[PDB]
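Presented below, as structure tokens, is a lone chain in the form deposited in one PDB entry.
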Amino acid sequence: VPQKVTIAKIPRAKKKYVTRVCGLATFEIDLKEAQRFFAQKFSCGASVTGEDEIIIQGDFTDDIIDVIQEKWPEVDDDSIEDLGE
């Protein structure tokens, strides 16, 4: 009986997403330090991508609300909204 090892990758149906945060600068949060905070808390790249918006290179839509409010308590529950897709 032969003696061999094979490795391969097989796509899943689950998509890779990107997480977009808009409105931080309206609470007079600085988008640059917001970007770097997100980068480090999530261990994942991020960039300011609009004039008030930051894009994080993963799906963090579960935590992202609580994380935002922990770090910036100004942001009350009636002013941060999870859109969807």
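Heads up: residue numbers just count along the shown sequence, starting at 1. Residues that one form lacks are left out of the comparison. Just so we're on the same page, rigid core means the largest C-alpha set that superposes within 1.5 Å between forms.
Keep in mind that the form deposited in another entry is missing from the display, and what follows is about it.
Exercise for the section: Return yes or no for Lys16: a CA shift of at least 2 Å between this form and the one not shown, with the rigid core superposed? Expected result: No, the C-alpha moves less than 2 Å.
Handout entry: Closer or farther in that other deposited form, the Cα atoms of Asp59 and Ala13, when the shift from this form is 3 Å or more
Key = Their C-alpha distance shrinks by at least 3 Å in that other deposited form.
Exercise for the section: Work out whether the Cα atoms of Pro11 and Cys44 come closer together or move farther apart in that other deposited form than they are in this form, the change being 3 angstroms or more. Expected result: The answer is closer, because the C-alphas of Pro11 and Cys44 approach each other in that other deposited form by 3 Å or more.
Practice task
Send over the list of consecutive residue runs, 3+ long, where the C-alpha shift is 2 angstroms or more at every position between this form and the one not shown on a core fit.
Solution key: In sequence order there is one run that relocates between this form and the one not shown, which is 1-15.
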